[PDB]
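Taken one at a time, structure 1 and structure 2 that follow are two forms of one protein chain, written as structure tokens.
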Structure 1
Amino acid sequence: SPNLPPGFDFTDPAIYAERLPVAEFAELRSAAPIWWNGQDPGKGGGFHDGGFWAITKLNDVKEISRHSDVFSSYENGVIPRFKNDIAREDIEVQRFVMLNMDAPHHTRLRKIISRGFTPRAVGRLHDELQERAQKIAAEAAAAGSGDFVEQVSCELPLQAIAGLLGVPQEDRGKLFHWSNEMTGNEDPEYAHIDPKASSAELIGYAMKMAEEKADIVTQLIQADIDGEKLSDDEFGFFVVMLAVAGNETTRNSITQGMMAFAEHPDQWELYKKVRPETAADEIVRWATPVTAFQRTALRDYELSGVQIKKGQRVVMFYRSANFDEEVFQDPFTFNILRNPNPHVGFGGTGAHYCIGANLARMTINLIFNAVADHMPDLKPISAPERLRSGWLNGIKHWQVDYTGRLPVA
């Protein structure tokens, strides 16, 4: 029996609006590393199956991620929490993007799309993203103080997506406005936003992009050496998946990496001098922007002595796995030189491992270089405001003094 409150649910958005449940994950790793998280009827975040297995250890997250024949992404999608009254069809519509497909459909799409994430493809974005990062940090520093999320974290992930796709400069504002409405949450600050309508507008825009382009886009829509290509429709769903996979994730890694530097000033001093490229992985481990994704067992499977049954969901808590005391040396220390760094912030190794990981790391290293260049003495003004979501670990706002000159308490 682990020591938790009765009825505790690790996917409860009301927890994450205030804090990460770090103590509770540490209790599970220690005492019940695979634990049945029951959910009362009508309180399952859109799932009506009585609860899920909480997976808290890094080795178990890797084993589930490897065995995608047993642990399905398609069956229930991979997001483990929606509003409790969501219609089943709105969970199943996720199946149109590759993250929520199984083999064979997933395998074909992943092989085709991997073309867009070659070393050359990602490297071709470096210089424009470096220039853009420099101006973002300089403009924020010139403002003196402001919301770090909006003025520092937000723009570069969006420009990385826009650059990868070759989106015309004049269309970036509208693309960014759709993208910022599309990853749903349950936060009252965004309750009036409709993610469906924006997703639909982005699909239309992308299908036309495919029509007109007829960089990475040409490669994806033309037959490759094994004869495969995206239809315009599949290209539309590919663009939607980038808009949701690569926006708030990287953005939250930037905000929480800065929050870590503020908490660990010796690491920030070391970073500013040395700018180690290993920093990006430690920032992703520390930030764990996706707290959890799930799978559904398609057959009975014994996982580390626990008998998972056909049809049951398993929720991989990357936030727990990334602090696994058996894997990391002193996981509760932020160490920008950590190497190796076998974190699962981009997933456990397997078929769905984040295809954007190198682009995310480049975006993170470029923005931190620019922050070091333009605002080396930044200090926070007030505590971060966290996002109400049961699976995304988000920071909505964080007021900072970029100059470090204002008085602090």
Structure 2
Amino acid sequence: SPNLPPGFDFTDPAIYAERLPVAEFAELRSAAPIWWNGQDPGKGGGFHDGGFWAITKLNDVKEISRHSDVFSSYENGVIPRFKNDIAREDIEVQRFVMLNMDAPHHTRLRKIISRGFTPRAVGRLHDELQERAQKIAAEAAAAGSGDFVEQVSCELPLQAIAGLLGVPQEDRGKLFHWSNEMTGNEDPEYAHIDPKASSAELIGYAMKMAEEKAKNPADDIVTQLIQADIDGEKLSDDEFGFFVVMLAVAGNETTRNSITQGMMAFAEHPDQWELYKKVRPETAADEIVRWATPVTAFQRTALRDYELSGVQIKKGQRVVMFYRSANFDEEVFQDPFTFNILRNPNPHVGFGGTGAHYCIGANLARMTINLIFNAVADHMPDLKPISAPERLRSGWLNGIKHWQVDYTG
């Protein structure tokens, strides 16, 4: 049996508020790479099934991710932890998010939304995003010091997703705050905010945008979605609203945490920061995503009994894929605990295990990361931290809320 504290739960948001449980994941990969993480009644983060299988090795993450015929996103959704008292209907409403759909309906909605994330569509955004990155870093730098998360990390992904959606840059703050409220609900900084109401506020905004784009269509996702046809029928209001929920959250709660944690890594590894500033290599974004693993974990539910790496998984049981563990898998990566911005091949699973749900934003994310680090290297090459990062209290999202830095060092 692995050497862990009795009752230890790898989805416990109390851990992530303080730290990433790196030695605990390392202990599972060594001792029990697929391991039954039991959960006491009422302590299941919204699930009441006694616990789940912790999946810690990259090969097993791929096998689950790539066989969605067996491992369902729809049955319990993919988020493995909510507040302990969330109502089951409030988990099930998240089946209106494409991330939580299975084929065939998943297939139809993904085919539509992917039309706006083609490699040449993303490549067409380069100059715009570059111009924004330089402005963001110049403005942060002129302030001398401050919160890197708010001044640097959040802006470029937030502008990017607002521009893609068709949100006027003037209302971009609204998306960001609603996304933070919906994903921060277990953190004391978001105390007294009902995430259901924040979802409803964003959805209401999305419906205002749908009326705006119905009269004034434009080259943007809201226009695309309200015009979409599935075999003759428009997206339902529920699916349209939750499309914007999903996109606002993916846009505002992933890339910014890779950027904060990439800069944390560069502060800890000055060797790699000098190399980055000189060469600006095209492999840096992927090492930043491996090192940052912005999504710690997503889950699936077995639709039939299934043998995985000698372990018998039962129909109806949850498997929780710890990307944070897989991205440090000693049998995959040469020196996983070395931050190496030249690492290649780099078969990390920051964007999941591949298969039907693979991140549609991955190339956008990598562009965003490269553009913002080039701008930070240009405008604040000697930045240094002032105090420790403040981590988000979440049992699946690996967030940095705030991080005080001196842009001058």
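Under this definition, the rigid core comprises the largest set of C-alpha atoms superposing within 1.5 Å between the forms. Structure 1 provides the reference sequence; residues are numbered from 1 along it.
Only one of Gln294, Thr291, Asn322, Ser199 has its Cα shifted by 2 Å or more between structure 1 and structure 2 after fitting on the core, and that residue is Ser199.
Once the rigid core is used as the reference frame, the Cα position of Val239 differs between structure 1 and structure 2 by 2 Å or more. Superposed on the core, the two forms barely differ at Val78: its CA moves less than 2 Å between structure 1 and structure 2. A displacement of less than 2 angstroms separates the C-alpha positions of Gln307 between structure 1 and structure 2, with the rigid core held in common. Superposing the rigid core and comparing between structure 1 and structure 2 gives a CA shift of 12.5 Å at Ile225. Core superposition gives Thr118 a CA displacement of 0.9 Å between structure 1 and structure 2.
The shift recorded for the CA atom of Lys208 between structure 1 and structure 2 is 5.1 Å, with superposition on the rigid core.
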